[PDB]
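Some notes on the structure that comes next.
Number of protein chains: 2
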Amino acid sequence: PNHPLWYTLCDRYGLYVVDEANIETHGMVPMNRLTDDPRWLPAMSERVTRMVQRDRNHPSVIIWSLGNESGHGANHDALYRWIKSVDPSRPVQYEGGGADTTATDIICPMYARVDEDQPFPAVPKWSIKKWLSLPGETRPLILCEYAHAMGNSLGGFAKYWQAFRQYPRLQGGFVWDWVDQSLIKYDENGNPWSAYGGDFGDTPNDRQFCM
Amino acid sequence: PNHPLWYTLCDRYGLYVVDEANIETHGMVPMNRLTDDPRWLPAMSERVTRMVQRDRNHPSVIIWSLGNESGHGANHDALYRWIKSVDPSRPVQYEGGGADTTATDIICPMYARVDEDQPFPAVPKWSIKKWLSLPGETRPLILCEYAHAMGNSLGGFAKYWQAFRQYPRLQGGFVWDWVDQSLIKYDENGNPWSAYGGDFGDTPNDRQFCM
Ligand code: NA
Ligand code: NA
Ligand code: NA
Ligand code: NA
Numbered sequence: 393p394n395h396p397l398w399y400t401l402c403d404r405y406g407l408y409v410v411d412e413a414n415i416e417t418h419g420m421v422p423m424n425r426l427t428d429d430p431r432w433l434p435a436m437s438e439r440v441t442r443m444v445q446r447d448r449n450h451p452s453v454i455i456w457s458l459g460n461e462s463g464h465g466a467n468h469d470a471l472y473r474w475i476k477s478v479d480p481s482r483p484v485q486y487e488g489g490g491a492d493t494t495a496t497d498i499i500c501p502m503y504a505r506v507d508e509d510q511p512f513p514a515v516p517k518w519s520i521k522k523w524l525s526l527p528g529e530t531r532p533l534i535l536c537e538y539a540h541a542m543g544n545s546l547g548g549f550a551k552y553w554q555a556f557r558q559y560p561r562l563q564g565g566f567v568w569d570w571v572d573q574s575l576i577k578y579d580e581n582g583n584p585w586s587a588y589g590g591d592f593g594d595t596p597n598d599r600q601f602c603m
Numbered sequence: 393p394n395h396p397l398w399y400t401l402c403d404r405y406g407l408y409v410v411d412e413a414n415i416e417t418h419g420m421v422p423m424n425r426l427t428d429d430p431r432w433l434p435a436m437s438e439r440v441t442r443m444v445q446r447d448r449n450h451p452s453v454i455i456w457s458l459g460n461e462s463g464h465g466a467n468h469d470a471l472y473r474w475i476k477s478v479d480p481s482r483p484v485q486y487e488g489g490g491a492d493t494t495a496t497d498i499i500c501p502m503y504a505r506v507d508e509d510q511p512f513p514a515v516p517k518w519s520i521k522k523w524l525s526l527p528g529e530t531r532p533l534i535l536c537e538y539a540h541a542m543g544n545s546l547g548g549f550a551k552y553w554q555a556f557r558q559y560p561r562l563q564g565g566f567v568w569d570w571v572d573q574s575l576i577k578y579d580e581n582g583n584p585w586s587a588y589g590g591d592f593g594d595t596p597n598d599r600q601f602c603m
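Protein chains in written order, with PDB author numbering: chain B, 393 to 603; chain A, 393 to 603.
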């Protein structure tokens, strides 16, 4: 959840907001080790419930999200239903565990390609066009993340937009991402330069991947 | 409906058969002028009902077809339901009126393209990939006719097969078609040659379009 003023500005300037619980357990092995554990349900529940209680009156918030990259655990299903029960006014989405689980109203993959399948075991990323028409699938598809804009990037962006416009159930996505996470450091003369992972003696680190 | 031996041969050699009623009213304006007329239901009903009564024991017949290019009329809906009631063992398909009407269990367009939409009014031919995922659509798609093999043709054939293999619900199609409808004439020397429309003083005619 963001700084409270963010929602007020989005209400007033006009932007649709996906408000997202502060839950990410990416580093766990496997990713849902905590989120499938009933011992972590209380802690997870507070990150979802207290977000809803705070932000539910904002018109800019149109979709609730259960967090990011925490696999798919039984705790997600429980909290999905909790939101559906207390706030029927907003769809709930969640990407973890293959982007189309029972804890999401919207197929919301990250970095699924337009035409090319990436058939990873258990959590494949289908071509977005193909994904829509998988047997039994009826939901809209909106990428929670696509077109990773790292450095000299955004090649193939037009291919996404051509597809979004042609397919009714392809309703767009959220680019990753808005602003480089570089930090300012100073040289011996006090001149500022843009720093990234590893520049603060921080180790281990993932270098320029924050930008 | 074919010569009865065809079905015996398809049974024994192993070919899947779409058995199709002898109804085509292509030349009407609009195409459903007679098929939507209850006055023509009796004539229509015999062409469907007597086909089903003859061929229903042939294993090679896997799908029934209500005919060809006769628009979509109320008579189709009645006869669709007649077959479903008497023979639940086979899906019923029919292309007329836009290939996805209430008279067909299978989206069965003719000459719909792989990627390109052809948005004709009333009866659009959507890209086959797009068609599958239109809001509320769940049926399988199998083209009753595609890859018009007229003369030096079948360009872009590989594109259909790439799509058929990638998309579960694209389950193939029927090439148009098997054999040139040319007829043998003889010259002044008694030597045989291949003839098409117009070569018999027949007029009006559509020339080589029978090949
Ligand atoms: Na769209
Ligand atoms: Na990053
Ligand atoms: Na297929
Ligand atoms: Na022809």
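C-beta atoms are modelled at their ideal positions from N, C-alpha and C, and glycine is treated no differently.
Problem set entry | residue 471/B at chain A interface by Cβ criterion, 8 Å | no
Problem set entry | Residues passing the C-beta test against ligand 4 heavy atoms, cut-off 7 Å | 601/A and 602/A
Problem set entry | residue 575/B to residue 599/B span [Cα, whole Å] | 12 Å
Exercise. Just by C-beta distance, which residues in the region 546–563 of chain A are closer than 9 Å to chain B?
Worked result: 558, 559, 560, 561 and 562
For this session: Assign residue 525/A to one of three DSSP states: helix, strand, or coil.
Result: coil
Exercise. Nearest to residue 442/A by CA position, among 431/A, 479/A and 421/A, is which residue?
Worked result: 479/A
For this session: Mind checking who residue 585/B pairs with in its DSSP beta bridge?
Result: 577/B
Problem set entry | Three-state secondary structure (DSSP) of residue 405/A | helix
For this session: Kindly indicate if chain A contains any beta-carbon less than 8 Å away from that of residue 397/B.
Result: no
For this session: Can you give me the Cβ contacts of residue 526/B inside the same chain, cut-off strictly under 6 Å, excluding the 5 residues immediately before and after it?
Result: none
Exercise. Taking the alpha-carbon positions, what's the residue 516/B to residue 509/B distance?
Worked result: 8 Å
For this session: Note down, in chain order, each residue of its chain lying with its Cβ closer than 7 Å to the Cβ of residue 503/A, except the 5 sequence neighbours on either side.
Result: 517, 537, 538 and 540
Exercise. Hey, does residue 509/A have any beta-carbon neighbour from chain B nearer than 8 Å?
Worked result: yes
Problem set entry | Neighbour flag for residue 517/B against chain A, beta carbons, 8 Å | no
Exercise. To which residues of the same chain is residue 420/A closer than 7 Å at the C-beta, ignoring the five residues directly before and after it?
Worked result: 426
Exercise. Under 8 Å between the Cβ atoms of residue 447/B and residue 393/B?
Worked result: yes
Problem set entry | Cβ of residue 522/A within 8 Å of any chain B Cβ | yes
For this session: Express the C-alpha separation of residue 532/A and residue 459/B in angstroms, rounding to a whole number.
Result: 35 Å
Exercise. For ligand 3, any of its heavy atoms closer than 7 Å to the Cβ of residue 549/A?
Worked result: no
For this session: Return the residues of the region 526–538 of chain A that lie within a Cβ-Cβ distance of less than 7 Å from chain B, sorted by chain order.
Result: 526 and 527
Exercise. Do residue 566/A and ligand 3 come close, with the Cβ less than 7 Å from some heavy atom?
Worked result: no
Problem set entry | Cβ-heavy atom distance, residue 563/A to ligand 3, below 7 Å | yes
For this session: With a floor of 3 residues, list each beta strand (DSSP E) that falls wholly inside the region 428–506 of chain B, ordered by position along the chain.
Result: 453–457
For this session: For the beta strand (DSSP E) holding residue 563/A, just list the boundary residues, first then last.
Result: 562–567
Exercise. Can you tell which of 507/B, 572/B and 408/B has the C-alpha that lies nearest to the C-alpha of residue 452/B?
Worked result: 408/B
Exercise. Helix, strand or coil: how does DSSP classify residue 534/A here?
Worked result: strand
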